[PDB]
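In what follows, a single structure is set out as structure tokens and then discussed.
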Amino acid sequence: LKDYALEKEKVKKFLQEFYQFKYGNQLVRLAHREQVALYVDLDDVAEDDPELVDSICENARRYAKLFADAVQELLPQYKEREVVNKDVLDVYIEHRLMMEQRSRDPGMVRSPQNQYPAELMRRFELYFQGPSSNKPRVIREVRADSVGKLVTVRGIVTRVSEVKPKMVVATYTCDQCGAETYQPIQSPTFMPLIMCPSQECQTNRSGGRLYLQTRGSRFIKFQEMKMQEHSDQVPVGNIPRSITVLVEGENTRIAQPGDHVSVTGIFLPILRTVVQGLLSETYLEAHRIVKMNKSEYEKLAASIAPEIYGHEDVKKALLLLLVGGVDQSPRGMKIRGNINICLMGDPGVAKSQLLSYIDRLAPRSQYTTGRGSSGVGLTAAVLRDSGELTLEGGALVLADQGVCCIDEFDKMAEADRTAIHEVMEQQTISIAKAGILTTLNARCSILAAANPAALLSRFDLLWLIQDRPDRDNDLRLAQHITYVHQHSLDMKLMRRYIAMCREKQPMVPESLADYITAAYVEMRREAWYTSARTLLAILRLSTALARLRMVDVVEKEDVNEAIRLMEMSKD
Amino acid sequence: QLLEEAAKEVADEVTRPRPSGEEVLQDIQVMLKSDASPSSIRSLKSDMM
Amino acid sequence: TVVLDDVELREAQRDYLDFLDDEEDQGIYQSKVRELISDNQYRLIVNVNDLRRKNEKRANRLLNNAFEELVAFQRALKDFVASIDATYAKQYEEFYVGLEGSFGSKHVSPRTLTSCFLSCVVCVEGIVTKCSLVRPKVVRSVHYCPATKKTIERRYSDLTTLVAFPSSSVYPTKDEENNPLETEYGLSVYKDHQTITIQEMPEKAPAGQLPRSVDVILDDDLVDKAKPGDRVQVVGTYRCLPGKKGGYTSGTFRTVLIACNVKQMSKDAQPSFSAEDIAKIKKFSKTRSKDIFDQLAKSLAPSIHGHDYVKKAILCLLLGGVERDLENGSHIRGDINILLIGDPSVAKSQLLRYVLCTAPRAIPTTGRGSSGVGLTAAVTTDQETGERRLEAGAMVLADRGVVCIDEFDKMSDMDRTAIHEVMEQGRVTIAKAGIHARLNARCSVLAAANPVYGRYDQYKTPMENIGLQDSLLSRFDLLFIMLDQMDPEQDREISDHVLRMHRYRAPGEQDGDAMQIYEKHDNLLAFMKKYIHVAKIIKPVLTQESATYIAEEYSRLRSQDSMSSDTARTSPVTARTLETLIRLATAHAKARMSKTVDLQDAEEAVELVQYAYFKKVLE
DNA sequence: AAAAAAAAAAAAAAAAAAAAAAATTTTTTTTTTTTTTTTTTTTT
DNA sequence: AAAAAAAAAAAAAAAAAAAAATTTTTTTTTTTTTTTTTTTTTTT
Ligand SMILES: Nc1ncnc2c1ncn2[C@@H]1O[C@H](COP(=O)(O)OP(=O)(O)O)[C@@H](O)[C@H]1O
Ligand SMILES: Nc1ncnc2c1ncn2[C@@H]1O[C@H](COP(=O)(O)OP(=O)(O)O)[C@@H](O)[C@H]1O
Ligand SMILES: [Mg+2]
Ligand SMILES: [Zn+2]
């Protein structure tokens with residue numbers, strides 16, 4: 001073991017002196033209260049001292065306390081101006097330290113338990129981000145031996161509670177004296193107080209009768225999130241293990257249901273309270289949250305799943321949706337910029353694989369086959385939580401903004417079919433069922449796959465794939481896939497280009513009005529099922545193609561390629 | 001007892017910058033006296049209790 | 001609930017391990033460790049002034065909060081004595097730390113042992129009052145189950161001062177299977193335990209006030225170091241005791257003083273020497289061995305004039321003869337006893353006070369101050385057990401020591417006869433119906449009687465003029481007659497001496513306000529104690545020449561012709577006078593460090609008796 | 001010098017103070033196991 | 001389209017667990033008091 005006064009001196013000199021003053025700029029910003037959270041980096045601390053880093057890895061919580069108090073004492077010399085007191089909480093802390101100065105009597109000694117505590121008066125928070133040397137360990141493998149140890153984990157989210165105010169330091173005021181006592185909370189529960197240990201009360205022999213209130217207290221942004229093993233992490237036959245993670249301060253509202261996360265934290269226990277001993281629950285106290293691995297033209301479309309061959313126009317339309325047609329809300333009525341595709345196909349052309357690649361691709365994606373997600377799996381339902389009937393979502397509401405890759409749409413349940421019709425038509429999901437009376441909001445885009453009328457009449461593109469056996473086509477595809485087995489754009493760069501492409505917002509020009517109306521009527525005569533939905537289809541595809549070009553104005557080239565795609569699909 | 005701790009507080013502040021060891025504020029007894037005539041030991045009835 | 005580390009304990013143990021580490025210094029505490037290891041004693045006495053000079057703050061801390069501090073000290077002691085010898089350090093489950101030195105503010109008396117000194121090692125002088133039976137206390141108790149062939153060792157913590165729980169105090173008697181357990185007394189481990197009671201000395205205490213006393217719990221290592229009546233300085237931890245369990249408490253906390261050590265406050269067992277002093281004594285003996293008795297005799301009792309024969313005789317007393325215990329226990333004494341009889345203002349009482357201040361274990365007895373049962377021993381019942389205990393008297397306290405009898409003439413005949421067996425055989429055979437014993441008081445007696453009529457009449461015979469029986473004057477072996485001649489010439493002598501001593505001052509130490517072998521020869525005018533102390537042990541056997549000469553001179557003294565007419569005997573010449581001759585000869589030889597009593601010492605003894613006994617009554 | 005009288009000592013017995021010693025099941029809560037009812041999802 | 005299997009939610013009951021709780025009496029100890037013996041001291 002060591003001496004933690006020495007450790008605090010070590011980290012104080014470190015935080016002052018390491019680098020542009022890397023940590024110094026952060027310190028002065030939080031001193032002025034231009035940031036509320038701080039993040040230590042064990043790579044940046046292994047830059048000089050490895051023993052301290054190994055100790056942090058092995059007993060991280062204590063050093064968290066050390067670092068935070070060290071920065072708290074470094075605060076005022078870095079402070080340089082009068083902050084504007086942006087919060088009533090700021091008013092309280094300023095008033096508190098003001099009256100402490102007023103009745104200071106600096107020579108006068110005060111007890112070891114008569115002082116405003118750090119956890120109350122800090123007003124900032126300090127977290128970490130574990131070193132690259134620290135391998136992220138399997139959620140199953142983070143056992144009792146790793147309690148207190150600093151540990152990073154990578155897992156999928158299943159469900160996440162909302163931001164409700166956890167208590168940090170309850171504040172009580174008296175009925176006679178007027179002092180203000182604190183109960184610093186740590187655990188899931190606290191017994192309230194009813195008597196005031198203020199020395200005026202001890203002198204008076206008065207009934208304390210202090211009353212808790214929220215005004216002088218210190219709440220915090222608290223969430224309990226769930227996480228689940230990676231299906232690749234899971235062993236041969238066991239189901240994926242879960243884990244509970246606790247999210248505080250400026251770590252709140254990062255992860256969301258369905259999004260992969262990497263959380264860096266410590267695996268601390270709670271009291272369990274039927275075999276003897278002293279049992280205890282386990283929660284991982286998050287200290288850095290980073291979404292990762294899903295939610296961080298011609299060559300581009302060919303880059304969309306290079307392992308598939310042919311279907312070039314299909315890939316181009318897939319790229320187009322991934323860019324997304326322009327979102328419009330003109331005159332109240334919504335004209336959503338979603339693009340809905342269905343792939344009817346002969347048995348086996350890698351349509352499921354295309355859906356899986358889009359699932360791996362999009363920043364929000366949910367790949368649902370027939371019956372694994374049915375009823376509540378696609379819809380939203382009710383569950384016990386602060387215990388409560390928390391209404392949470394299924395696949396589509398998880399994919400509220402993204403892409404639902406629905407597989408085998410032909411054989412879905414009829415309720416699932418009805419819900420998907422609703423979401424494609426109006427991007428809501430109305431429910432008036434047994435214990436649910438809601439209208440979920442689901443701004444999702446549908447990629448249906450199926451095997452061979454309502455489909456044709458409610459969509460923006462249907463594609464029939466008939467692998468008519470052509471010798472040269474099959475020869476080239478066979479060479480291609482055999483080469484794939486033989487040898488076994490980057491996804492991140494592709495997704496970056498798409499992400500930037502999402503936000504150019506073109507507005508249609510007047511020059512193309514005659515062209516688009518003429519093309520619409522001509523397509524109608526060539527038909528004589530097409531209608532206003534197909535008009536909106538060509539128009540959305542034109543907007544999205546302008547987005548792909550990145551210009552803010554749609555042109556004749558865009559509409560030409562749109563008609564090219566739709567002609568290829570229909571034929 | 002109020003007088004006793006009052007004496008204690010004023011004592012610590014007057015001797016305030018004390019040296020090592022002698023810092024825990026020691027208890028300050030407050031004995032009394034007067035100038036009035038003492039009353040006889042036979043005059044302690046119940047009412048003067 | 002084992003402590004991983006404490007900065008306080010680690011710091012204190014490091015400091016005291018340094019304090020014990022004595023090689024770069026002179027090696028004093030290392031030598032103390034080595035000698036106590038050689039002795040098998042297991043307490044080491046650390047001087048508080050040493051601790052203060054090396055680290056004042058630790059001295060302040062320890063003298064303010066003892067027990068845990070001394071736990072640190074004793075753990076350091078165990079580690080240190082293990083480094084010197086691990087085998088011996090393993091031998092004793094604990095080693096202890098006695099104290100010594102200038103406990104400046106921490107020196108009070110039991111009247112002044114206030115409630116400010118709790119858990120502080122207080123220093124306190126005082127007289128013992130009680131001596132409880134030194135009885136065992138069990139510390140580690142072993143048991144044997146014969147049904148299950150099992151052995152157990154219950155363990156006890158000496159919570160004489162802290163809180164104690166029944167779970168700690170259980171003495172097991174049955175196993176888990178309700179079998180019978182038989183104690184293994186020998187395999188168990190015990191420590192002695194005694195209570196005593198120190199008291200404020202009546203010479204120190206306030207004159208008109210009741211005594212005040214403090215209770216002292218001597219555990220092992222300090223069993224018999226304090227009997228009733230002794231002067232003792234106790235240094236140790238005043239604390240509080242736990243009331244036994246019970247839902248109520250008054251605030252009362254009867255307090256004790258768990259003594260850290262106790263030493264003889266008499267400070268008269270003082271053989272403190274150095275090798276240089278031993279060599280000094282050796283040369284002082286051997287260079288001028290033949291004149292050394294007269295050197296010592298003239299030296300002894302400065303601040304008084306003449307009386308050279310009496311100084312020689314008091315030397316013969318203090319140096320002592322040699323006690324003899326023959327084959328069958330016929331114990332022939334080896335002490336001198338002197339009766340000063342002489343006119344008033346002859347410094348007889350001043351000689352008595354000199355030997356009181358100098359001779360180790362000297363004690364004063366007045367005529368009607370001490371009386372019989374006080375003088376010799378006594379037998380009294382306990383009243384707590386109805387058993388007869390023995391209360392040692394003045395003489396028994398003065399066993400192998402000196403008693404100064406002021407105004408011996410005034411002791412009534414009962415006590416004057418009660419002193420008989422102590423005078424001859426140096427024992428008091430006391431007995432009442434329950435208990436009897438022969439207490440041993442090998443005492444020596446210097447007794448200053450005064451003459452009948454208040455002053456010696458020259459013409460009257462000494463036997464008429466002394467109000468003491470021939471019976472007793474036999475037992476006394478020398479009777480010295482001190483007359484005030486009143487001549488102006490010797491008056492000039494004595495007067496100049498006396499007023500010179502009135503003019504002698506503390507050299508330099510004083511300004512005008514009132515309160516080495518040889519001495520720096522101050523014109524106006526320690527090693528005495530050193531040399532006489534070493535002198536006492538030697539047993540100089542009598543030579544054939546000395547025995548024949550002393551025998552013939554005794555025969556001459558017995559014969560009436562040896563005294564001329566007009567002289568009157570002062571003490572009849574019984575065989576006690578011959579034994580006096582032998583004892584005085586041995587005392588002279590012991591002065592010389594002879595290893596044999598020779599004719600020189602024999603003729604000195606015969607000169608002594610011839611001057612002392614036969615007196616010239618004038619007409 | 002020995003007898004008589006008085007004083008003190010030794011030892012047993014009693015009165016109060018204050019610290020020790022002894023006695024000592026029954027009613028309420030609440031988790032867990034089991035059953036029951038209304039509803040939704042699925043199958044004939 | 002009707003039947004039925006399953007699901008979640010709600011409730012009852014039995015087993016285990018939770019919680020509440022000073023007063024009276026006895027015995028050692030200390031301290032004096034009283035008796036009787038022993039001792040010492042004064043008298044003829
Ligand atoms: N060009 C290609 N690249 C990679 N895989 C291919 C290709 N052509 C065919 N496949 C294979 O076809 C198989 C069936 O695809 P699948 O997604 O099941 O289509 P569907 O589910 O629509 O029938 C996949 O296992 C895939 O490996
Ligand atoms: N031999 C002496 N030498 C010097 N001074 C003497 C001598 N004898 C007596 N004195 C003086 O006479 C005083 C007599 O005191 P002290 O001895 O108490 O009385 P006493 O002699 O009657 O016992 C002493 O203080 C001392 O100063
Ligand atoms: Mg498929
Ligand atoms: Zn209050």
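The chains in the structure tokens are called A, B, ... from first to last as shown; in each chain the residues are counted from 1, and the ligands are counted from 1 in the order shown.
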Hey, which residues come within 7 Å of ligand 4 if we count only C-alpha atoms (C1' of nucleotides) and all ligand atoms? Could you give them as a CSV table (one decimal) with C-alpha atoms, in the first residue's frame?
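As a result, out02.csv now contains:
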```
chain,number,residue,atom,x,y,z
A,173,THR,CA,-33.3,22.8,7.4
A,174,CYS,CA,-34.3,23.1,11.1
A,175,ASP,CA,-37.5,24.3,12.7
A,176,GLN,CA,-35.8,26.5,15.4
A,177,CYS,CA,-32.2,27.1,14.7
A,178,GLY,CA,-31.8,27.8,10.9
A,179,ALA,CA,-28.6,26.0,10.1
A,196,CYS,CA,-30.6,18.6,13.6
A,197,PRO,CA,-27.0,18.2,14.9
A,198,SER,CA,-26.4,21.9,14.6
A,200,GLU,CA,-27.1,25.9,18.2
A,201,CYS,CA,-29.6,23.0,18.7
A,208,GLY,CA,-34.5,19.4,15.8
A,210,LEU,CA,-35.6,19.4,10.5
```
Exercise. Mind listing as a ChimeraX atom specification which residues of chain B are within 12 Å of chain C, counting only C-alpha atoms?
Worked result: /B:20-22,26-27
*asked:* Around ligand 1, out to 10 Å and counting only C-alpha atoms (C1' of nucleotides) and all ligand atoms, which residues are there? I want them as a ChimeraX atom specification.
replied: /A:305-311,343-357,407-408,449-451,465,474,476-485
Would you mind exporting C-alpha atoms of the selected residues as a tab-separated table (two decimals), in the first residue's frame?
```tsv
chain	number	residue	atom	x	y	z
A	305	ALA	CA	-21.24	-4.93	-50.03
A	306	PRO	CA	-18.49	-5.82	-52.55
A	307	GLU	CA	-19.12	-9.50	-51.81
A	308	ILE	CA	-22.36	-9.35	-53.89
A	309	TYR	CA	-22.21	-9.14	-57.70
A	310	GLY	CA	-24.69	-7.64	-60.10
A	311	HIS	CA	-27.77	-5.72	-58.97
A	343	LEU	CA	-36.85	-6.92	-52.98
A	344	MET	CA	-39.07	-9.72	-54.24
A	345	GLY	CA	-36.77	-12.49	-55.41
A	346	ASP	CA	-36.23	-16.02	-56.52
A	347	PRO	CA	-34.95	-18.24	-53.69
A	348	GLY	CA	-31.40	-17.12	-52.96
A	349	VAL	CA	-29.79	-14.06	-54.56
A	350	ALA	CA	-28.13	-12.62	-51.40
A	351	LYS	CA	-31.06	-10.28	-50.67
A	352	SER	CA	-30.85	-11.24	-46.99
A	353	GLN	CA	-27.13	-10.52	-47.16
A	354	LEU	CA	-27.86	-7.10	-48.67
A	355	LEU	CA	-30.23	-6.41	-45.78
A	356	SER	CA	-27.59	-7.56	-43.28
A	357	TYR	CA	-24.97	-5.29	-44.84
A	407	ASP	CA	-36.69	-10.00	-44.14
A	408	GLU	CA	-39.36	-12.29	-45.59
A	449	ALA	CA	-37.28	-8.70	-48.77
A	450	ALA	CA	-39.61	-11.43	-49.92
A	451	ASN	CA	-40.26	-14.26	-52.36
A	465	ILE	CA	-35.23	-10.46	-59.11
A	474	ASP	CA	-23.54	-17.18	-63.78
A	476	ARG	CA	-18.77	-14.45	-63.86
A	477	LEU	CA	-20.69	-14.59	-60.57
A	478	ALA	CA	-19.32	-18.09	-59.90
A	479	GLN	CA	-15.75	-16.95	-60.54
A	480	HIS	CA	-16.43	-13.99	-58.25
A	481	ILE	CA	-17.78	-15.92	-55.28
A	482	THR	CA	-15.23	-18.70	-55.63
A	483	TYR	CA	-12.55	-15.99	-55.57
A	484	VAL	CA	-14.28	-14.60	-52.47
A	485	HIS	CA	-13.92	-17.94	-50.70
```
- Task: Name the residues of chain B that fall into alpha helix (DSSP H) according to DSSP on the backbone, using the chain letters and numbers of this document, as a ChimeraX atom specification.
- Result: /B:2-14
Mind listing the residues within 6 Å of ligand 2, only C-alpha atoms (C1' of nucleotides) and all ligand atoms counted, as a list in words?
residues 304, 305, 344, 345, 346, 347, 348, 349, 350, 494 and 498 of chain C
Q | Interface, chain B side, toward chain A (9 Å; only C-alpha atoms) as a VMD selection string | A | chain B and resid 2 12 to 13 16 to 17
Save out the residues we just selected, C-alpha atoms, as a PDB file, in the first residue's frame.
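The result, stored in out-v4.pdb:
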```
ATOM      1  CA  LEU B   2     -23.448  27.879  29.637  1.00  0.00           C
ATOM      2  CA  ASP B  12      -9.501  29.802  23.170  1.00  0.00           C
ATOM      3  CA  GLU B  13      -9.809  33.016  21.205  1.00  0.00           C
ATOM      4  CA  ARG B  16      -5.681  31.478  20.029  1.00  0.00           C
ATOM      5  CA  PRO B  17      -2.297  30.958  18.277  1.00  0.00           C
TER       6      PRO B  17
END
```
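Within 12 Å of residue 35 in chain E, once only C-alpha atoms (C1' of nucleotides) are used and residues closer than 6 positions along the same chain are dropped, the contacting residues are residues 10, 11, 12 and 13 of chain D.
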Tell me as a compact mmCIF listing (two decimals) with N, CA and C atoms, in the first residue's frame which residues belonging to chain C come within 10 Å of chain A, counting only C-alpha atoms.
```txt
# COMPACT_ATOMS: atom_id res chain seq x y z
N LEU C 4 -3.85 -2.86 8.99
CA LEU C 4 -2.85 -3.01 7.94
C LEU C 4 -1.62 -2.16 8.23
N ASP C 5 -1.82 -0.90 8.58
CA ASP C 5 -0.71 -0.07 9.02
C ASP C 5 -1.28 1.16 9.70
N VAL C 7 0.31 5.01 10.86
CA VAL C 7 1.46 5.91 10.79
C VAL C 7 2.00 6.18 12.19
```
